[PDB]
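First comes one chain, alone, set out as structure tokens in the form deposited in one PDB entry.
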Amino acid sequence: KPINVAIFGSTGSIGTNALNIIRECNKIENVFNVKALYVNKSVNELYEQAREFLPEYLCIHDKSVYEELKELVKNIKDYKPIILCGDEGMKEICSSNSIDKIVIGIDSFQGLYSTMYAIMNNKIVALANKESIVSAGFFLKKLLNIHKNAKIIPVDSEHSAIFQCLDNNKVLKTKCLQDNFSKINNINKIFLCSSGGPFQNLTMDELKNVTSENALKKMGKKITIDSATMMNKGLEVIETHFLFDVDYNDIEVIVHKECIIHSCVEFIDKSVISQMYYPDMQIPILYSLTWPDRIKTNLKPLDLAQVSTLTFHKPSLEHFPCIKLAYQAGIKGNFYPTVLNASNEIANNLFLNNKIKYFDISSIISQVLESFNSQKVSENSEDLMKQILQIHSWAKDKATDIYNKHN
């Protein structure tokens, strides 16, 4: 029972965490075969990985460094990998019969495209990219209803925590992103845990003047800023709603600054189940690849006595207005989540580059949401994807226009 896995975005944070936990687990017993790796342009990192894992497939997106990889790879003896390029490369990896599971560690809005081909090929897709679920949830749901054997397994830490709390005899009667997922699993309510980010004790007057420096002073810049505004958590609320079909009024954000309890599920009997560990991405990634089983790791065991104290408080929506906007957009439904995500892409980047202030982020997003009008949701998958792209591009331009008008 070898687990055959492809890694998409294998030089990124997700991709490399995945290779690390695979490496360590394989030292205990040989359970994983890394069949394919795919990166943007990091051709020197890719070579190093390839030497180690000897995957059947390699792929780089950027055509420009295609030949240079072929060069690099000659050195490796014993080894005749299939070396591919761009979207046809990804498409060929997703169609191979020797690949069971695909880790999607490609960032931003980009990664949706590989997700789609993975589903079309009825794979198990370990999806870390929350923005794809928030922007294109409707399209994913439609795709997953066509391709009955395809499944998304969540890797975002809180969503993995929720999923780990479930009974798999009930999970296997449904799958993530299905209507009625929460009803089948007897889910009542979610506690979506947050770190709270750096700005959790600041007053309004202090927040008025915080800068991106304050936010960044250990993750990518975009998610770090989102953690600071708590728009990360707002996006995660929508992610929860789509993944697990939990109503917005049944998702509660709670600030847990110790980051040991990763999230909790309240069932209809009011029993609550939670997943706990040190702050970590190895277990979420591993779980996505072993589900519905678990395997041995040599990770450090949680020492609860040493951790000693766990704390929980409600976030202030006045201080973190991005959370409110995320609920508002989610409850409105339609393509409002697409608009939220896109406008936040812009506002985040503006704040990062010192072009706007903290409360301008939510102000711009709010104004874009107000200017959107709900659209007839295409019944046809292809039209639906085009609608999402159009609306995403519209909302980005609109956020930019609001910035330029005031500025």
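So that there is no doubt, residue numbering starts at 1 and follows the sequence shown. Whichever C-alpha set is largest while still superposing within 1.5 Å between the two forms counts as the rigid core.
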> Between residues given as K148 and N149, how many of the deposited sequence are not built: none, 1 to 3, 4 to 9, or 10 or more?
Replying inline: none
> On average, which has the higher Cα B-factor in the deposited entry, 78 to 86 or 228 to 236?
Replying inline: 78 to 86
> According to the deposited model, is the average Cα temperature factor higher in 179 to 187 or in 91 to 99?
Replying inline: 91 to 99
>> So if I compare the CA B-factors in the entry for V368, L37, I361, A342, which one is the largest?
In response: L37
>> Quiz for you: based on the deposited Cα B-factor, which of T338, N354, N348, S64 is highest?
In response: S64
>> Please say which third, lowest, middle or highest, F199 falls into when its CA temperature factor is compared across its chain.
In response: middle
> In terms of the CA temperature factor given in the entry, to which third of its chain does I14 belong: lowest, middle or highest?
Replying inline: highest
> Of the three thirds of its chain by CA temperature factor, lowest, middle or highest, which one includes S114?
Replying inline: highest
>> Among the modelled residues of this chain, does the Cα B factor of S135 put it in the lowest, middle or highest third?
In response: middle
>> Could you place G330 in the lowest, middle or highest third of its chain by Cα temperature factor, using the values in the record?
In response: lowest
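Heads up, the form deposited in another entry isn't pictured, but that's what we're talking about next.
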>> Which residue of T174, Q275, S212, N121 is the mover here, meaning its C-alpha shifts by 2 Å or more between the shown form and the other one once both are aligned on the rigid core?
In response: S212
>> Relative to the superposed rigid core, does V31 relocate between the shown form and the other one - that is, does its Cα move 2 Å or more?
In response: no
>> Taking 2 Å as the cut-off, check whether the CA of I22 shifts that much or more between the shown form and the other one after a rigid core fit.
In response: no
> Honestly, after the rigid core fit, is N40 moving at least 2 Å at Cα between the shown form and the other one?
Replying inline: no
